[PDB]
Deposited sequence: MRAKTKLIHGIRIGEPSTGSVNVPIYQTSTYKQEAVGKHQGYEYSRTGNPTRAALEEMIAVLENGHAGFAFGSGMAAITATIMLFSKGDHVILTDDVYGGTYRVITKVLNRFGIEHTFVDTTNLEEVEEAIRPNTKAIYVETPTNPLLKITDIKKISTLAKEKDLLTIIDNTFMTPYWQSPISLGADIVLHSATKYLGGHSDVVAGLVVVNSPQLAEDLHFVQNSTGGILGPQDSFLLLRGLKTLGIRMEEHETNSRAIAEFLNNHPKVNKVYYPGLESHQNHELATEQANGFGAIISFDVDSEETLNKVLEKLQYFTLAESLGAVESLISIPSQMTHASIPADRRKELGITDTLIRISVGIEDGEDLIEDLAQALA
């Protein structure tokens, strides 16, 4: 089936007991057993919950992977994944990963003897030079938050496999709809479902898909033991979100390309980050490993006074944390993303916009009037 179809029919429509065209919300902690260990399906909602299970199956189907896992946040998904490894293991990470990943690697998991190196994963020579004897995994975010740097998933995966390393990809920004990391060699693909997958700024959730029975047993053990699960009401809202992922990302795409084009040709804007501009580092790779450029744009305005006046005049962009929502969001990474900032090239005049599904024309006019 085509991608739009898979979002509606990835799992069996018609719940067995009643024919409900939706997954029921199993707001329950426990399950009556017929005999000692013989109501097989479900035993305890931490271990498995039918609403969460439908969600875990759906994300595995959408990334073409072996098994899915649902966590209370993106950060719980990221933490459970790194907790596959042990004291003495080493991880290589994209140098401009999300600040939350930066923080958990450097301020939490360091205290547990998990070692890291931050590397420019755009430079495959530097990635290979970072490999230690105790290295177990390469972790890549593409595009990155918020500079949208593009890393070659197929080349990172090939290097990882040659050196006996797992490839972990944060596919949050592209979603399963635009990019397929497992198809390009990734062992583990993960999502802040809080962003595009839910799509309506109303769920905090993380998803992990693994490509192997061994990884599914090992991540299941971590999720069941440390228990950072997604509840069934949130699981239901996330399943509901997934239904419109295709038509949302298509409208996001159309709006964002026109906005990147207009912002890149503006007197008050001297640099624009967006995979769909030919000027963007690795634009060519962006067109090859993904079917869309996404809906996150970062742009550097000429002065503090331009920034401030953009914030106070914008009508349809809401000043807030997060992204991936049907409504347009704006943040100032320099004043809103704490967790080298200078080294990464995150200017004090840099603005990040999350482009919504408002009319593309209203969003351009709103940005124009804001910079006029």
Sequence ranges absent from the coordinates, based on the deposited chain and numbered from 1: 340 to 344
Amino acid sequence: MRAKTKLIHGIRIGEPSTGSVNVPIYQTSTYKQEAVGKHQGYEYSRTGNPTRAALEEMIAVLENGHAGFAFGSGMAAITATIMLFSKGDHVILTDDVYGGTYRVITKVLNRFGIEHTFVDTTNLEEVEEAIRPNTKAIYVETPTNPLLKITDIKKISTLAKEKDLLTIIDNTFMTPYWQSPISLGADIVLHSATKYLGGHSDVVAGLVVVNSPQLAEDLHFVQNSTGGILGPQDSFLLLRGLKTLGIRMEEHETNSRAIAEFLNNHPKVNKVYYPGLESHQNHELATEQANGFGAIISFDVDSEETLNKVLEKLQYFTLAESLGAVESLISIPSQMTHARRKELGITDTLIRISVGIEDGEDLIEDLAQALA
From here on, numbers count along this sequence of modelled residues.
Take the C-alpha B-factors listed in the entry for 46 to 54 and for 30 to 38, compute each mean, and give the stretch with the larger one. 30 to 38
Between 164 to 172 and 268 to 276, which has the higher average C-alpha B-factor in the PDB entry? 268 to 276
From 336, 70, 67, 62, residue of greatest CA B-factor: 336
Compare the CA B factors listed in the entry for 117, 145, 255, 79 and report the winner. 145
Position of residue 357 among the chain's modelled residues by C-alpha B-factor, lowest, middle or highest third: lowest
What third of its chain, lowest, middle or highest, does the C-alpha temperature factor of residue 183 fall into? highest
Among the modelled residues of its chain, does the C-alpha B-factor of residue 231 lie in the lowest, middle or highest third? lowest
For residue 112, return the chain-relative third of its C-alpha B-factor as stated in the PDB record: lowest, middle or highest. highest
Taking the entry's C-alpha B-factors for this chain, is residue 329 in the lowest, middle or highest third? middle
